[PDB]
Amino acid sequence: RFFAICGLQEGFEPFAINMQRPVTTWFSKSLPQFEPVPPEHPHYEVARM
Amino acid sequence: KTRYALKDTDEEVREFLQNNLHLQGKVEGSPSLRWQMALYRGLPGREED
């Protein structure tokens with residue numbers, strides 16, 4: 001709705017100008033899941049004894 | 001713009017463009033010009049004349 005007004009003449013292109021399928025999007029799902037404790041976690045450390 | 005960098009007057013660039021009218025881009029050879037030309041030709045006041 002406003003690409004021609006501001007953005008077309010400045011040399012900018014639409015993010016998906018030449019694409020067949022719509023751009024796949026990822027969303028932050030608020031469903032808790034169990035994941036491995038990162039080796040570089042700032043607060044939690046796991047030692048294998 | 002290159003001719004202006006070489007310190008040419010407004011008459012020199014015009015005659016340079018007159019002899020170089022065939023160097024304008026071709027829509028078939030560029031994917032970017034495909035949608036730009038289609039968007040350009042959609043304006044109400046665009047006449048091919």
# chains A, B, ... in the order shown; residues from 1 in each chain; ligands from 1

$ residues_around --residues "residue 13 (chain B)" --least-positions-apart "4" --cutoff "8 Å" --atoms "only C-alpha atoms" --output "PyMOL selection string"
chain B and resi 3-4+8-9+17

$ closest_atom_pairs --of "chain B" --to "chain A" --cutoff "9 Å" --atoms "only C-alpha atoms" --output "Markdown table"
| residue | atom | partner | partner_atom | distance |
| --- | --- | --- | --- | --- |
| B:31 | CA | A:18 | CA | 8.4 |
| B:32 | CA | A:18 | CA | 8.8 |
| B:35 | CA | A:17 | CA | 8.2 |
| B:36 | CA | A:8 | CA | 8.9 |
| B:39 | CA | A:4 | CA | 8.9 |

$ write_last_selection --atoms "N, CA and C atoms" --output "PDB file, in the first residue's frame"
ATOM      1  N   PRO B  31      15.657  -9.904 -14.407  1.00  0.00           N
ATOM      2  CA  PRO B  31      14.449 -10.258 -13.652  1.00  0.00           C
ATOM      3  C   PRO B  31      13.915  -9.086 -12.846  1.00  0.00           C
ATOM      4  N   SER B  32      14.813  -8.188 -12.435  1.00  0.00           N
ATOM      5  CA  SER B  32      14.394  -7.018 -11.671  1.00  0.00           C
ATOM      6  C   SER B  32      13.530  -6.089 -12.512  1.00  0.00           C
ATOM      7  N   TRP B  35       9.303  -6.881 -13.013  1.00  0.00           N
ATOM      8  CA  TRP B  35       8.247  -6.349 -12.159  1.00  0.00           C
ATOM      9  C   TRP B  35       8.274  -4.829 -12.091  1.00  0.00           C
ATOM     10  N   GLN B  36       9.454  -4.217 -12.208  1.00  0.00           N
ATOM     11  CA  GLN B  36       9.534  -2.760 -12.194  1.00  0.00           C
ATOM     12  C   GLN B  36       8.815  -2.162 -13.396  1.00  0.00           C
ATOM     13  N   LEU B  39       5.107  -2.550 -12.907  1.00  0.00           N
ATOM     14  CA  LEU B  39       4.641  -1.547 -11.957  1.00  0.00           C
ATOM     15  C   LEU B  39       4.706  -0.149 -12.558  1.00  0.00           C
TER      16      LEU B  39
END
